[PDB]
Amino acid sequence: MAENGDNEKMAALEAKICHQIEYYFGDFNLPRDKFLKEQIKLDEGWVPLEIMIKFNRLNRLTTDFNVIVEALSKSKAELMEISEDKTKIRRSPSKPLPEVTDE
């Protein structure tokens with residue numbers, strides 16, 4: 001006995017999580033990412049979703065390591081690269097990142 005909903009909200013939430021990661025890596029933040037530079041410089045460039053799930057930018061949406069990774073792991077998981085545990089994100093060092101134009 002339950003019949004809660006259709007889990008459709010997760011479908012729209014999956015894209016929202018990928019869009020947030022796109023904000024820091026979407027070529028816009030990389031050209032001026034001070035915090036991202038710290039995670040990428042840390043070691044190997046692999047960043048932990050803790051930085052993403054703790055920042056008000058994304059923490060105000062999913063913040064669920066399992067939900068955040070699942071959405072980006074299969075949706076828009078081609079832009080950057082993800083480790084095997086699916087609990088970290090990094091910018092493709094072998095891929096160029098262009099700056100966005102203003103106005």
# chains A, B, ... in the order shown; residues from 1 in each chain; ligands from 1

call {"tool": "residues_around", "arguments": {"residues": "region 95-100 of chain A", "least_positions_apart": "2", "cutoff": "12 Å", "atoms": "only C-alpha atoms", "output": "VMD selection string"}}
result
chain A and resid 23 to 33 78 to 81 90 to 93 102 to 103

call {"tool": "residues_around", "arguments": {"residues": "region 60-76 of chain A", "least_positions_apart": "3", "cutoff": "8 Å", "atoms": "only C-alpha atoms", "output": "PyMOL selection string"}}
result
chain A and resi 13-18+49+52-54+56-57+79+82+86-87

call {"tool": "closest_residue", "arguments": {"among": "A:89, A:3, A:9, A:19", "to": "residue 36 (chain A)", "atoms": "only C-alpha atoms"}}
result
A:89

call {"tool": "select_by_dssp", "arguments": {"residues": "region 31-75 of chain A", "states": "alpha helix (DSSP H)", "output": "number ranges by chain"}}
result
A: 34-42, 49-54, 56-59, 65-74
